[PDB]
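Q: Dropping the structure in here first, questions after.
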């Protein structure tokens, strides 16, 4: 609800022999999944901090991993130009999609659970079928390396962030960039949208006026290497507020499950949790001795996990 | 045939067996009557498995007709065939992925090595220019106590330059030594994608050979392998026709260990040892 | 010309002398510490 990580830690999980790139939470089980740069995906139990197993099917460094709504499948992408679909009941690779040239950066599964989206250096975004494995439609428009891609809550809207200073939002149906945003000072790297629990909380935070339908419209968030976190409106495309104060490069941003605070990490070696409605809670929390890479927020449990380059994954209580 | 096809589908369902660019042959060797008209790669694999199982019955019928002695072919033979197929697929895929990961790490290390060699080039030229200016200043100022200090620092810089030059030539000698390694690793890494494409057919052939061709003699083993290879060719299933089954199913260390155990140096004896192992 | 080279050789020999003297003093301190042992 008002959960906020505390400086004391519970466990310092260190099993990777290469920098950790992303950490996620299992949708239903008490399972933490961490992807690192040693071509291995490790499975942990965040409640008790016990190593469970590893998924060593990948060839090159694993970049991004994503579950589905049911948590029954795990989609992973790596620098070996391929996407591997993991069956989480048997923990065995079941489909290895090829193509999508050069280092693949991000991967995500829409809540529909039937199609997958991925980003890479080849300045394009591809769309895959989980059932078959055929790239049916290819998304173009980015002029540089695309870093992160994230869908909506109903499998219709997709935004991709790239080195080309553009955070441009896309549609499944007409395959057109409805909103294109090129206004960041330097490269944008991480994006994550707003759950329905926070649509009402934006109105008094920014003073935005509701349209004829009354819905505030989908929102956008994008962290950029210019040490600034900026939260946007997908429907219109204008800035609402700029969050400044990160010492070094930002790496991952997301919203609190209650939709009231802002919780994000950066290359400043610290985890910073911010309030946007009233600019009150400006807690800075040292997390890792080296650069911090990724982070995640549990939907219901009071746990947050952060992945760093120091070969370690850390779990924080929420209070 | 329907039972065999269903068993093959259900057992080989957690294996990849997916080829997006699979080309359906004009004349497909339809073994299962209810096979879909545009069969997929997995369906072709299962059809090939059923064909192998029936080829064993045909071989037994031929041997019985010739007056030779045959052994009953049971569904347990098919079960062993599919189990061996799954195990060999997983093992070969894991070995290939691990080898490619190690080779990628090696290439990355070599590239970092050449980059640091260029960095040593620039460090060497910086040191050389500093030595030139230092001894020029020493000679200028000596020609008009601290001056002995200046020439001593110049001498120390020459000593550091000599040590850096030793590092230059030593790192260059190491760098040229790994040229054969780097080129061979590059060729293997480039061929990695092709090797993954042929895992399914090679594992199918090897599993069929292990599960079925044990009882027969060399001639019948070769006939069965040729029949299976021809069926795979007609079904547009990629497999390597250059490597030997004995080389594919065993490593040189295990073969050497077997020869130490008084195993005769024969292809059939090696295949028998492999069967006794797997 | 060679004169500066010879005085540089003298500077080399005095640097080596200083290093040897420092090593001798350090080792003498080491042995003085190990008398009880």
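Numbers in chain A track Swiss-Prot; the residues on display, in order, are 92-410.
Per the header: electron microscopy, 2.9 Å.
Placement of Cβ uses the backbone N, Cα and C atoms for every residue, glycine included.
Grabbed the feature section from Swiss-Prot, which reads as follows:
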type	residues	note
MOD_RES	A:109	phosphoserine
REGION	A:367-409	region 'Interaction with DCX'
REGION	A:388-410	region 'Interaction with NDEL1'
REPEAT	A:148-187	repeat 'WD 2'
REPEAT	A:274-333	repeat 'WD 5'
REPEAT	A:378-410	repeat 'WD 7'
Q: Give residue numbers and ranges for long-range contacts of the repeat 'WD 7' (A:378-410): same chain, 6 or more residues beyond its ends, CB-CB under 8 A.
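A: Here the qualifying positions are 94-97, 99-105, 107-116, 118, 121, 123, 125, 127, 135, 137-138, 140, 342-343, 345-348, 354-362.
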Q: Once near-sequence residues are set aside, which residues in the chain of residue A:109 (phosphoserine), 6 or more away, have Cβ atoms under 8 Å from its Cβ?
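A: Non-local contacts for residue A:109 (phosphoserine): A:127, A:128, A:129, A:152, A:402.
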Q: Apart from its near flanks, which chain residues at least 6 from the ends of the repeat 'WD 2' (A:148-187) lie with a Cβ under 8 angstroms of it?
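A: Contacts of the repeat 'WD 2' (A:148-187) (Cβ under 8 Å, skipping residues fewer than 6 from its ends): 109, 112-113, 115, 117-120, 124, 126-132, 134, 193-200, 202, 204, 207, 209, 211, 219, 221, 224, 239.
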Q: Count the residues of the repeat 'WD 5' (A:274-333) that DSSP assigns to helix (H, G, I), to strand (E, B) and to coil, and report the three numbers in that order.
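A: Grouping H, G, I as helix and E, B as strand yields 11 helix, 20 strand, 29 coil.
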Q: Let's see if you can do this one: DSSP helix, strand and coil counts over the region 'Interaction with NDEL1' (A:388-410), in that order.
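A: Split by secondary structure, the region 'Interaction with NDEL1' (A:388-410) comes out as 0 helix, 13 strand, 10 coil.
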Q: What does DSSP call residue A:109 (phosphoserine) in the simple three-state scheme?
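A: For residue A:109 (phosphoserine) - judged by DSSP and reduced to three states - the answer is coil.
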Q: Just give the helix, strand and coil counts over the repeat 'WD 2' (A:148-187), going by DSSP.
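A: Within the repeat 'WD 2' (A:148-187) the tally stands at 0 helix, 22 strand, 18 coil.
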